[PDB]
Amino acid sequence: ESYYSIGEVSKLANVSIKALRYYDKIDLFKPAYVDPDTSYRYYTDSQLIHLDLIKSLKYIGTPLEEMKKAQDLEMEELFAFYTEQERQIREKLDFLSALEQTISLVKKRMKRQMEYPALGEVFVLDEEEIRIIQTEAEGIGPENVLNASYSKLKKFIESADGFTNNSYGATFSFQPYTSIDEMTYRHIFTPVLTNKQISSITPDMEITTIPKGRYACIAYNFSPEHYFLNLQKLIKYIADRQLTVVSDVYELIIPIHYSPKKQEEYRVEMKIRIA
């Protein structure tokens, strides 16, 4: 013969009144009784127990309506349910955990960029390999190149990485170019970070890599008048130290801000490998 004022309840079970009042209307936890004069809600000591499964359920993060159907069931039943909630919990787990590493990649990459000590001049080094899938730019030249021109490769990388292209790129041959118009892009790629089996690749793509080798590269921020010279310094550089090239030029631009509020920029980075 003991009843509890709603407050009392909110006190006993740790509950937001608004919360239980909500449950009453939600029609989950209803008062044992309602004084139809004061519309006050008064619960029964027995009731409390109900507030467990909801409470527990809530903790596990199960949407209320499911909680409804959940209450009716008996042990061995609810048990299975619990297991469901388990594969579940255990799934966001590995989903989430995945990105955890993915990010790391993005950062280890992000950083790597800002660390370019010789912003402006040619730098030589030992680089690590770069899994990347690319296609064959059908006549795309440094002039024409778009974004649209990327899309496919884009869609793909998102499907597999979840994370989109950060730094866009393209290869072109190696020549003692006279002018820009002189040059025209070969393949255009995108770096790939999700180690998992990249599947469903329509054969128009090639999944490949930028072999961990000797690199002659240089970086900056784009400027037409710029871009040029830098390729120049580049060509010259090699020519001078008479080294032997081994690939095409990996030009690889990355936007620097993403603000729309203002005139975009991108750190560019052309590179060749050598022996």
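Numbering starts at 1 and runs along the sequence shown.
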- prompt: Mean CA B-factor: is it higher for 232 to 240 or for 23 to 31?
  reply: 23 to 31
- prompt: Of the two stretches 167 to 175 and 128 to 136, which shows the higher Cα B-factor on average in the entry?
  reply: 167 to 175
- line: Among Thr190, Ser97, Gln85, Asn147, the highest C-alpha B-factor in the PDB entry belongs to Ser97
- prompt: Taking the Cα B-factors listed in the entry, which of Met114, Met183, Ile89, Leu153 comes out highest?
  reply: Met114
- request: Tell me, lowest, middle or highest third: where does the Cα B factor of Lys55 rank within its chain?
  value: lowest
- prompt: Would the CA B-factor of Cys217 place it in the lowest, middle or highest third of its chain?
  reply: highest
- request: Give the position of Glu158 by CA B-factor within its chain, expressed as the lowest, middle or highest third.
  value: middle
- prompt: Lowest, middle or highest third: where is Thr202 by Cα B-factor in its chain?
  reply: lowest
message: Taking only the Cα B-factors deposited for this chain, tell me whether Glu269 sits in the lowest, middle or highest third.
response: middle
